[PDB]
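S.K.: When you get a sec, could you give me coordinates for this:
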Amino acid sequence: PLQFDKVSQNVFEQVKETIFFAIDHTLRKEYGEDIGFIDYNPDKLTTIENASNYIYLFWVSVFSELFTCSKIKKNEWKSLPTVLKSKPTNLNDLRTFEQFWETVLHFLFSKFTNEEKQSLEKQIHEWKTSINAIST
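M.R.: Numbers count the residues shown, from 1 in each chain. Sure, the structure comes next:
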């Protein structure tokens with residue numbers, strides 16, 4: 001209702017940063033020096049659409065391995081629904097957004113360090129509570 005937008009952008013912009021971190025880290029670890037050679041430039045990982053396209057392009061080589069214990073297939077990243085690609089304008093969309101990316105960030109962190117994984121849990125908790133602390 002009234003209180004909605006500050007926590008809308010707050011989750012959205014943090015989810016974005018976390019997706020970008022996860023994609024950056026995984027690509028740099030696979031390819032190292034050769035990241036310009038395989039067309040990953042950190043600028044421009046500016047949109048969720050860019051990130052999705054990266055998961056799509058590097059699916060067979062890098063990302064499907066991270067998704068082994070998921071039902072998510074390659075085609076899911078070809079074109080995400082807009083609810084998943086943009087800032088939530090309602091509570092339903094915000095829960096849908098946060099829930100999808102929570103599950104996904106888990107797989108994208110699945111080979112990170114125990115530390116980075118704890119850091120993700122901490123961030124997820126803050127997202128949920130800031131969301132779950134809105135009923136009308």
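S.K.: who's in contact with the helix or strand where residue 98 lies?
M.R.: Secondary structure from DSSP states H and E places residue 98 in helix 91-108. By Cβ atoms under 8 Å, 6 or more residues apart in numbering, the residues outside helix 91-108 that reach it are 4, 7-8, 11-12, 15, 18-19, 22-23, 26, 63, 66-67, 69-70, 72, 83-84, 88, 120, 124, 127-128, 131, 134. Any C-beta I mention is one placed from the backbone N, CA and C, and that applies to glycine too.
S.K.: Quick check on the most centrally placed residue in the chain: phi, psi?
M.R.: Nearest residue to the geometric centre of the chain (Cα atoms, centre = their mean): residue 19, 3.4 Å. Main-chain dihedrals, residue 19, degrees, to the nearest 10: phi -70, psi -40.
S.K.: Quick one, which of the contacts of helix 91-108 are buried?
M.R.: When the contacts of helix 91-108 are checked for burial by 16 or more other Cβ atoms under 10 Å, the buried set is 7-8, 11-12, 15, 18-19, 22-23, 26, 63, 66-67, 72, 84, 88, 120, 124, 127, 131.
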